[PDB]
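Colleague:
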Amino acid sequence: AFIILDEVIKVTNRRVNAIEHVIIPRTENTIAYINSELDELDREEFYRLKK
Amino acid sequence: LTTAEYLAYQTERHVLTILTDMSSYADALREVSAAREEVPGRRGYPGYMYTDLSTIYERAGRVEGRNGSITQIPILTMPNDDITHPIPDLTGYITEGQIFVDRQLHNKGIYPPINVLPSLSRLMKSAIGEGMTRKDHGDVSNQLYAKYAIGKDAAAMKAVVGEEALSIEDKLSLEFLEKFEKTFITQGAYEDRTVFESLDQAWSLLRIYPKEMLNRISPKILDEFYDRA
Amino acid sequence: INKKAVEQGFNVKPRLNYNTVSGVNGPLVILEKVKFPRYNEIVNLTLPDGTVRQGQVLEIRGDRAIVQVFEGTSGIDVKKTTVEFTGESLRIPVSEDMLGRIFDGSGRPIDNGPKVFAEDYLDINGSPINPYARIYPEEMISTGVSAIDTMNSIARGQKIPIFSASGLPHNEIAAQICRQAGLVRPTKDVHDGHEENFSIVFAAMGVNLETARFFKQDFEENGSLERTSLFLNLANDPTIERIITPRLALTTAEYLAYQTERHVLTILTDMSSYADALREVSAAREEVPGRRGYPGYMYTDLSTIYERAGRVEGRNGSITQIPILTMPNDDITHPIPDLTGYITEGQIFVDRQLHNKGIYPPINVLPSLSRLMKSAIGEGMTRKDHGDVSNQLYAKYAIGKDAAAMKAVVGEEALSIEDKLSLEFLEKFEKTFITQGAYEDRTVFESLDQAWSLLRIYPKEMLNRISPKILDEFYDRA
Amino acid sequence: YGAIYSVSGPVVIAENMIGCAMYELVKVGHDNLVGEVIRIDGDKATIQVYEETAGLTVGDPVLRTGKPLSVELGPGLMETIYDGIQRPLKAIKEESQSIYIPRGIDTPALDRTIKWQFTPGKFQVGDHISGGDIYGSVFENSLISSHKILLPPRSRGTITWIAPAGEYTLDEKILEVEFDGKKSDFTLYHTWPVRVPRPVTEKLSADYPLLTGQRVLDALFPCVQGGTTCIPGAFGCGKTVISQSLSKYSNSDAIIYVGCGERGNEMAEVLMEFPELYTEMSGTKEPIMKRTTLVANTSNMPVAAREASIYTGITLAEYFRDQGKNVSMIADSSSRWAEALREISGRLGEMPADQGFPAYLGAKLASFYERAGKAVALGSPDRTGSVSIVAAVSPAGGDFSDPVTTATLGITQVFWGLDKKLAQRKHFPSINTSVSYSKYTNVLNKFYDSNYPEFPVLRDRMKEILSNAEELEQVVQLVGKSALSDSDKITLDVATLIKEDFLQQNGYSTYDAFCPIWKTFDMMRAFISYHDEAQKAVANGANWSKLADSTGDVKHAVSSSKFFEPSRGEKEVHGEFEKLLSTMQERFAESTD
């Protein structure tokens with residue numbers, strides 16, 4: 155049980171500190187940088203077309 | 260493509276057309292469209308690029324009454340290693356397959372660095388089997404694709420969770436994936452191994468698994484070919 | 011002897027008053043039939059109620075000129091508003107007497123004193139310096155901050171911003187640096203110490219009134235007021251006008267340094283407000299944007315704001331820029347810090363993580379940099395071990411942070427002995443070396459001795475970066 | 024004068040409209056709809072009509088008022104309810120007897136029929152007068168005893184006539200000044216452009232605390248009258264107690280409440296609760312409405328009214344500041360005002376800077392929050408007023424990451440972090456101590472050392488003991504309860520006692536409805552002394568369990584310290600607290616044996 159609990163706690167802490175703490179910044183990067191900038195370029199191009 | 264059409268459909272030759280860099284063609288089209296102040300379709304590319312790529316690609320294949328054909332194998336570089344880019348996306352929408360050269364596979368030293376998961380041949384289904392290639396080709400290809408996909412999934416899980424959490428199927432999948440990438444995909448630039456040698460090597464790869472877990476192939480093919488050794 | 015008498019400034023140039031205002035679109039007002047408009051001419055708006063605002067021409071179109079107004083465009087009437095065309099681009103009345111004077115963001119005195127009895131009218135955003143006539147800055151200044159002197163050191167002539175954020179004590183750090191600034195090897199030209207002090211030019215754009223009072227009070231604290239010129243544009247001041255306050259400060263700094271031959275120390279606080287003013291004017295003008303809505307020319311404009319510092323071939327003056335900027339979300343990939351990182355030579359990072367830890371100054375030295383330290387230190391400057399000690403401190407701090415991260419993922423027990431050494435070094439570092447009194451001044455030699463005391467935690471064998479020659483000389487006592 | 028040329032949604036172009044200013048409001052159409060000019064093209068001016076324009080006809084005359092968006096400042100705007108553009112909703116309902124607001128209604132913002140008793144000031148005929156000079160006072164209501172009427176800040180001249188003492192209406196002229204020959208008539212009211220900050224002689228540093236009565240924020244995260252505050256406006260966080268405490272028990276001589284774009288139900292709750300809310304001075308004998316004016320906007324109103332709500336509120340607050348009255352402005356939701364700005368920009372087609380917001384949002388917020396602050400009022404006599412802003416923020420997704428809340432947190436010096444979880448557990452006023460902060464603690468050091476010198480060290484000692492207990496909660500959950508040292512358990516129990524009996528305040532109870540600053544400081548002393556005595560005794564004595572079990576009576580006494588009635592008198596309460604501390608010291612001395 156000590157071996158199993160050590161492995162489980164290590165996996166849980168490792169995930170909560172690396173996997174989640176990289177996936178959440180990964181999603182934030184995706185949205186905030188790429189989706190927002192692509193939408194901004196689309197907005198600029200259609201605004202120029204309207205002009 | 261016009262000189263290829265002349266040779267294939269008028270002189271009855273078999274033309275293997277190779278287009279060196281379709282990305283440069285797409286960039287030239289984008290430059291012309293931008294200078295034309297036309298409505299962009301995606302990230303500055305013209306909105307009619309679908310029709311232009313259809314015109315370029317569709318002038319291939321065999322036509323009725325002529326003894327010639329055009330086998331078109333264009334080459335295009337994805338700008339950021341992604342299928343989602345407009346060039347490869349619009350290419351795949353009209354083409355009948357693709358061969359994916361994978362950067363991660365190339366960095367591993369494998370040549371040719373062809374990834375089979377994104378690669379496809381949309382008209383391979385009716386070109387293999389009885390009286391053409393060997394009758395196990397389709398099922399062997401299906402089993403290899405399924406095992407490779409399971410190997411990638413198990414490698415991802417092993418990256419996420421421990422190896423012991425993986426089933427025996429998953430460990431066999433990693434073993435098959437390693438031997439597969441190192442021996443079957445890997446091939447010398449001057450080797451020219453026939454499809455029958457490739458099928459025999461594929462069977463030697465598949466014989467890692469027991470008969471029970473080759474579920475994607477018919478029992479007839481399995482009990483005909485598995486024990487040949 | 012009188013090279014000065016060739017100015018012929020007595021020429022009277024009458025100015026055209028224009029009532030031909032067609033319309034206003036946001037910060038921009040448009041004139042239809044101006045005659046021979048100038049590219050960057052400054053103009054004077056006269057509101058119907060008699061209020062006088064001023065702005066500069068941005069675009070010219072045949073007989074048409076487009077004018078932005080610094081104080082906003084509320085109230086202009088196409089029937090009763092009159093525009094006066096000066097004929098020259100924006101210029102500041104500059105003199106050596108501006109030291110000790112507090113100015114509005116637009117150069118107007120606000121210390122209840124008189125206007126600048128100018129020795130000359132220097133044009134804003136002057137010409138770039140010839141690269142063939144540039145002196146590479148390699149006179150390190152002893153700021154008294156152990157986090158700054160021993161590692162990412164500052165030379166005389168830096169462009170080194172203090173990266174920070176809202177609520178961080180960047181103002182305190184800037185005040186301490188301005189107070190303790192001084193060469194590590196002073197020239198001792200005069201025993202009275204008159205010219206050994208830095209002249210200071212302070213520009214406050216977009217800051218709240220409390221920050222302006224704090225900086226003014228701190229300059230009154232150190233007897234440095236007579237050596238300071240304050241340009242305070244406050245939060246309630248017009249936002250369109252904030253784009254000239256740093257330019258006015260840089261123009262007066264250039265006059266003081268490359269003409270008066272003083273050693274100017276320029277502080278540009280809250281340049282994020284300047285960047286936001288740039289974004290606002292860009293959105294008003296509706297041109298091609300960059301990342302996160304900032305103008306695509308923001309790189310060049312920020313460079314022109316920054317590149318004005320340095321040292322020239324023939325003059326014995328220098329400008330030492332320390333801009334202060336607030337990252338909106340503690341993000342160093344934001345365009346506001348990213349572009350200034352591309353331009354300036356290094357940065358000083360003020361960390362919220364270290365600030366919440368309670369240490370002062372909260373300088374996260376690992377992401378900070380000093381691009382001109384590589385030649386400002388050595389055998390002749392400071393001490394021969396400076397470079398290797400700084401490199402080893404960087405490497406061991408990085409290893410300590412990595413091992414602290416590994417401590418949370420695999421527990422303390424799995425850490426190797428060198429990892430425990432790294433944690434001990436990081437603890438002692440952050441709480442004995444980075445930590446420094448707000449009025450504590452440490453010479454680079456004292457702080458180097460402290461750095462060696464910290465580095466003596468490790469055995470001599472694993473000090474890989476340090477060269478054997480220096481290691482065999484300094485690792486042991488003395 | 025003008026004439027309608029083209030209409031499309033809320034924007035109207037008016038031809039032959041030469042001579043109109045930039046933001047000059049105009050009367051659009053036969054309905055006289057109010058609209059603001061936003062672009063000019065020669066004689067053609069672009070008008071942003073506020074209300075619905077579905078009935079406008081090309082050719083309808085449009086008349087220019089000659090002034091920008093201006094609020095009517097004078098007697099009669101107290102105890103009244105306004106919209107964003109200061110329309111008297113009460114008078115709107117009374118004159119029309121209609122459920123809905125009539126389109127194009129033009130009821131005066133100030134009641135022109137009320138006769139106000141006017142007593143003239145020290146200024147006499149022939150004197151020189153400048154902007155902000157009190158030339159008389161008007162008894163508005165029983166609580167605002169003297170509504171000092173002011174010369175408008177932009178006006179000055181030589182007084183040529185003053186109306187004597189008597190009763191006048193807001194249409195009656197009561198002052199004539201001469202400037203460059205031309206005469207000018209001044210009534211009891213004057214209009215001020217809403218967006219230009221109302222000038223002051225000198226803006227001081229706000230150093231007197233904004234005592235609200237809520238012990239947790241009066242002690243841990245104090246605010247200064249003239250400071251800026253940010254609170255979450257999320258649902259059910261309990262911001263109602265904050266608003267009612269600022270409008271009910273604060274030092275403010277007047278209260279400005281603005282509803283930017285709040286939902287209809289919530290605005291109805293506010294508009295019903297405020298009239299039935301009574302003051303504290305002289306023993307709860309007057310309604311706070313006599314001290315409070317409201318700006319109310321439901322979800323669906325003219326978007327320009329929602330955008331100008333906070334500007335109207337801050338202009339009223341500045342007008343009362345120029346009279347020397349410390350005011351506090353409460354914003355129902357700054358996020359709703361930001362949404363109004365975003366929709367205005369979308370209608371104008373401006374370039375979206377950050378998440379669709381305009382690029383000037385940060386500058387607008389900075390300028391608006393810098394409008395606040397203690398300042399010497401313009402003109403003579405030399406009186407000092409102050410405007411403090413308590414603005415609420417409510418992000419749509421609750422991420423607290425959209426630019427408006429980031430700008431508000433960056434600008435505002437004090438943040439009172441109301442939390443969902445604390446309100447769920449019936450803990451009030453539900454201020455999350457861990458996330459809340461106040462940057463006015465350093466400024467208030469002068470006031471503390473002048474009045475309660477021990478206050479700052481007690482405050483940050485309580486801060487650090489609660490932080491230590493918060494981290495030791497995680498330590499306990501990690502290892503086990505028994506692993507704590509005696510001092511650690513002392514810290515834990517002291518923090519729990521604090522959370523139960525100092526931070527938590529019933530508010531509805533008579534004893535803790537309003538906790539004064541001296542009672543707050545005495546409770547600071549009691550709790551900090553309890554922690555220090557326990558720490559010292561255990562450090563130099565026996566186990567903690569026996570001492571705590573034996574000294575539970577002292578813990579109960581310091582718990583009941585919350586129950587001490589402030590109405591008994593400050594001196595009596597201080598003496599009784601001294602008695603409590605004396606008995607505490609004696610009983611701990613007896614126990615440590």
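Protein chains in written order, with PDB author numbering: chain M, 155 to 205; chain D, 260 to 488; chain F, 11 to 488; chain A, 24 to 616.
We put the CB at the ideal spot given by N, CA and C, even for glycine.
Cutting at 7 Å between CB atoms, please list the residues of its own chain near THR431(A), excluding the five before and the five after it.
Modeller: Here residue 431(A) refers to the residue found at position 408 of the fourth sequence. Cβ neighbours of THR431(A) beyond the five flanking positions: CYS253, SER357, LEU388, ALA414 and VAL416.
Colleague: Out of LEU300(A), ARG370(A), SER532(A) and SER505(A), point me to the one whose CA is closest to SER31(A)'s CA.
Modeller: Within the fourth sequence, numbered from 1, the residue matching residue 31(A) stands at position 8. Out of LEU300(A), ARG370(A), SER532(A) and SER505(A), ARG370(A) has the C-alpha closest to the C-alpha of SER31(A).
Colleague: Any contact between the segment 403 to 411 of chain F and the segment 429 to 442 of chain F? By contact I mean 3 or more CB pairs, one from each, below 8 Å.
Modeller: At 8 Å Cβ cutoff, the stretches touch.
Colleague: Alpha carbons only, please: which of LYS438(F), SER105(F), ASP451(F) and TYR49(F) is nearest the one belonging to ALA461(F)?
Modeller: Here residue 461(F) refers to the residue found at position 451 of the third sequence. Of the candidates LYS438(F), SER105(F), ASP451(F) and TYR49(F), the one whose C-alpha sits nearest the C-alpha of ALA461(F) is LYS438(F).
Colleague: Starting from the beta carbon of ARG301(F), find every residue of chain M whose beta carbon is closer than 7 Å, and list them in chain order.
Modeller: As a first step, residue 301(F) must be located in the third sequence, where it is residue number 291. Result: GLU191.
Colleague: Under 8 Å Cβ-Cβ, which residues of chain M neighbour residue 552(D)?
Modeller: Chain D is shown from 260 up to 488; residue 552(D) falls before or after that span and cannot be answered.
Colleague: Write down the C-beta distance between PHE208(F) and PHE225(F) rounded to the nearest angstrom, noting that I regard them as a contact closer than 8 Å.
Modeller: Here the question's residue 208(F) lines up with position 198 in the third sequence. Here the question's residue 225(F) lines up with position 215 in the third sequence. With a Cβ gap of about 15 Å, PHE208(F) and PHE225(F) do not count as contacting.
Colleague: Which chain F residues sit within Cβ distance under 7 Å of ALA155(M)?
Modeller: Here residue 155(M) corresponds to residue number 1 of the first sequence, with the count starting at 1. The premise fails here: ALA155(M) is roughly 17 Å from chain F at the closest Cβ pair, so nothing lies under 7 Å.
Colleague: Pick helix, strand or coil for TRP462(F), following the three-state DSSP scheme.
Modeller: As a working mapping, residue 462(F) is identified with position 452 in the third sequence. Three-state result, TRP462(F): helix.
Colleague: Once DSSP output is grouped into helix, strand and coil, what is the label at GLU51(F)?
Modeller: On the third sequence, residue 51(F) is found 41 positions in, with the first residue counted as 1. Looking at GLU51(F) - three-state DSSP - the assignment turns out to be strand.
Colleague: Taking buried to mean at least 16 other C-beta atoms within 10 Å of its own C-beta, is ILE122(A) buried or exposed?
Modeller: The sequence position of residue 122(A) within the fourth sequence is 99, counting from 1. Under this definition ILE122(A) is an exposed residue.
Colleague: I need the straight-line Cα distance from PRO372(D) to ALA363(A), nearest angstrom please.
Modeller: Residue mapping note: residue 372(D) aligns to position 113 of the second sequence, counting from 1. Residue mapping note: residue 363(A) aligns to position 340 of the fourth sequence, counting from 1. Distance between the alpha carbons of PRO372(D) and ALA363(A): 56 Å.
Colleague: Give me the subset of the segment 189 to 204 of chain F whose CB atoms are less than 9 Å from a CB atom of chain A, sorted by chain position.
Modeller: Correct list: empty, as no residue qualifies.
Colleague: Is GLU163(A) buried or exposed, if buried means 16 or more other CB atoms sit within 10 Å of its CB?
Modeller: For this step, residue 163(A) is matched to residue 140 along the fourth sequence. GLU163(A) should be labelled buried.
Colleague: Name, please, each residue of chain F whose Cβ falls closer than 8 Å to the Cβ of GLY58(A).
Modeller: Against the fourth sequence, residue 58(A) aligns to sequence position 35. Those within 8 Å of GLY58(A) in chain F number zero; the least Cβ separation is about 16 Å.
Colleague: Would a check of beta-carbon distances place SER105(F) closer than 8 Å to chain A?
Modeller: The count along the third sequence starts at 1 and reaches residue 105(F) at position 95. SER105(F) does not count as touching chain A.
Colleague: What are the partner residues of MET352(A), as DSSP defines its beta bridges?
Modeller: Locating residue 352(A) in the fourth sequence gives position 329, counting from the first residue. DSSP, once it has assigned bridges, lists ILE279(A) and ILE412(A) as partnering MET352(A).
Colleague: According to the Cβ coordinates, are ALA361(A) and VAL427(A) closer than 8 Å?
Modeller: Working through the fourth sequence from its first residue, we reach residue 361(A) at position 338. Working through the fourth sequence from its first residue, we reach residue 427(A) at position 404. Against a cut-off of 8 Å, the Cβ pair of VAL427(A) and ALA361(A) comes out as a contact.
Colleague: Of all the residues that make up the segment 413 to 441 of chain F, which are near chain M by a beta-carbon distance shorter than 7 Å?
Modeller: Answer in chain order: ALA418, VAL419 and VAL420.
Colleague: Can you give the Cα-Cα distance for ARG166(F) and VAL170(M), rounded to whole angstroms?
Modeller: The count along the third sequence starts at 1 and reaches residue 166(F) at position 156. The count along the first sequence starts at 1 and reaches residue 170(M) at position 16. So the alpha carbons of these two residues sit roughly 46 Å apart.
Colleague: With 8 Å set as the bound, which would you pick, yes or no: does the beta-carbon of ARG197(M) sit closer than that to a beta-carbon of chain A?
Modeller: Translated into the one-based positions of the first sequence, residue 197(M) becomes position 43. Yes, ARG197(M) lies at the interface with chain A (some Cβ there is under 8 Å from its Cβ).
Colleague: Could you tell me which whole alpha helix (DSSP H) segments of length 4 or greater appear in the segment 416 to 466 of chain A?
Modeller: Listed in chain order, they are 426 to 434 and 443 to 447.
Colleague: Less than 8 Å between the beta carbons of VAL217(A) and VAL326(A), yes or no?
Modeller: If you number the fourth sequence from 1, residue 217(A) lands on position 194. If you number the fourth sequence from 1, residue 326(A) lands on position 303. Cβ atoms of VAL217(A) and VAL326(A): not closer than 8 Å.
Colleague: Going along chain M, which residues have a C-beta under 8 Å from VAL298(F)?
Modeller: Here residue 298(F) is taken as the residue at index 288 of the third sequence, counted from 1. Simply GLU198.
Colleague: Using a Cβ-Cβ cut-off of 8 Å, state whether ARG180(M) counts as contacting chain F.
Modeller: Sequence index remark: in the first sequence, residue 180(M) carries index 26 (1-based). Not an interface residue.
Colleague: Use the C-beta contact count for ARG289(F): other C-beta atoms within 10 angstroms, 16 or more gives buried, fewer gives exposed.
Modeller: Walking along the third sequence from the start, residue 289(F) turns up at place 279. When all chains shown are included, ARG289(F) counts as buried.
Colleague: Measure the CB-CB distance between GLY327(F) and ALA267(F) and report whether it falls below 8 Å.
Modeller: For the purposes of this step, residue 327(F) is identified with residue 317 of the third sequence, where counting begins at 1. For the purposes of this step, residue 267(F) is identified with residue 257 of the third sequence, where counting begins at 1. Yes, the pair counts as a contact, with Cβ atoms nearer than the cut-off.
Colleague: Helix, strand or coil, according to DSSP, for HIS204(F) in the structure here?
Modeller: For the purposes of this step, residue 204(F) is taken as residue 194 along the third sequence, with counting starting at 1. It is coil, neither helix nor strand.
Colleague: Taking 8 Å as the threshold (beta carbon to beta carbon), is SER32(F) in contact with chain A?
Modeller: Against the third sequence, residue 32(F) aligns to sequence position 22. Chain A, which has a Cβ nearer than 8 Å to the Cβ of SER32(F), makes this yes.
Colleague: What are the partner residues of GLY159(A), as DSSP defines its beta bridges?
Modeller: Counted from its first residue, the fourth sequence places residue 159(A) at position 136. Answer by DSSP bridge pairing, in chain order: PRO143(A).
Colleague: For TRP541(A), list the residues DSSP reports as bridge partners.
Modeller: As a working mapping, residue 541(A) is identified with position 518 in the fourth sequence. According to DSSP, which records beta bridges pairwise, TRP541(A) is partnered with nothing at all.
Colleague: Straight-line CA distance for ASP472(A) to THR464(A)?
Modeller: In the fourth sequence, counting from the first residue as 1, residue 472(A) sits at position 449. In the fourth sequence, counting from the first residue as 1, residue 464(A) sits at position 441. If I take the Cα positions, the gap works out to 12 Å.
Colleague: Would you call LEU86(A) buried or exposed, if buried means 16 or more other Cβ atoms sit within 10 Å of its Cβ?
Modeller: Position 63 of the fourth sequence holds residue 86(A). When all chains shown are included, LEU86(A) counts as exposed.
Colleague: Comparing C-alpha positions only, which one of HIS365(D), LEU464(D) and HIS344(D) sits nearest to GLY300(D)?
Modeller: One-based indexing of the second sequence puts residue 300(D) at position 41. Comparing Cα positions, the closest option is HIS344(D).
Colleague: Does any residue of chain A bring its CB to less than 8 Å from the CB of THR56(F)?
Modeller: One-based indexing of the third sequence puts residue 56(F) at position 46. No, because no Cβ of chain A sits closer than 8 Å to the Cβ of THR56(F).
Colleague: Residues of chain F with CB closer than 8 Å to the CB of residue 211(M), please, in chain order.
Modeller: Beyond the ends of chain M as shown, which are 155 and 205, falls residue 211(M); an answer cannot be given.
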